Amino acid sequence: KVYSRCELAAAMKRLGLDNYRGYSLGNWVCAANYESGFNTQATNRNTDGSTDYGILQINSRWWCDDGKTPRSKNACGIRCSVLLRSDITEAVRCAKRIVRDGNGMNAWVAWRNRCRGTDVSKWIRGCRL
C-alpha cells in the first residue's frame, strides 16, 4: 500500500509516535517519506545479505527475521514479512524499539540526511489527524 502523507501521519499519531522519546510526529512522517516514499512494500536488498523492509526500511540483520540473513538477530520478535503489510502497527512497534535501543533516530540514514535539519512540521501541514 502507498499511504498518502496525511493518511500515514494520522495512523502514526493513533499508534503513539507523536513526541515518542522526544521525536515529534513530523520526524516519523519525514523519515518514512525518504526511506520508502510511503510504500509498505518497499525493500532494499543490501550487499551484506540483509534486507531493509517496509515503510521505515527496518533491517533484517538486527530487528526482524527473514530466514535468509546470515549472522542475524531478531530484536523486535517478528518475521520481516509483517513489515510488508498495509497495517503499520507492527512497523510502528518495532520502530519504537529501534529509537529506545539506539537513543534516537540515527538508525534511519535518510532521516539523518533529509529530515534532521528541516522544519519537520511541514510533513504534517494540512493533515487531519
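The first residue of the sequence shown is number 1, and the count goes up from there.
Trainee: Which wins on mean Cα temperature factor, 92 to 100 or 27 to 35?
Mentor: Looking at the recorded C-alpha B-factors, 92 to 100 comes out higher on average.
Trainee: Among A107, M12, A110, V120, where is the Cα B factor highest in this entry?
Mentor: The record points to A107.
Trainee: Among all modelled residues of this chain, ranked by Cα B factor, put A42 in the bottom, middle or top third, i.e. lowest, middle or highest.
Mentor: Ranked within chain, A42 CA B lands in the lowest tercile.
Trainee: Is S50 in the lowest, middle or highest third of its chain when residues are ranked by C-alpha B-factor?
Mentor: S50: CA B-factor falls in the highest third of its chain.
Trainee: Splitting the chain's C-alpha B-factors into thirds, which one does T69 fall into?
Mentor: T69: CA B-factor falls in the highest third of its chain.
Trainee: Considering only modelled residues of the same chain, in which third does the CA B-factor of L84 rank: lowest, middle or highest?
Mentor: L84: CA B-factor falls in the highest third of its chain.
Trainee: Please say which third, lowest, middle or highest, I78 falls into when its CA temperature factor is compared across its chain.
Mentor: As the PDB entry reports it, the C-alpha B-factor of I78 lands in the middle third of its chain.
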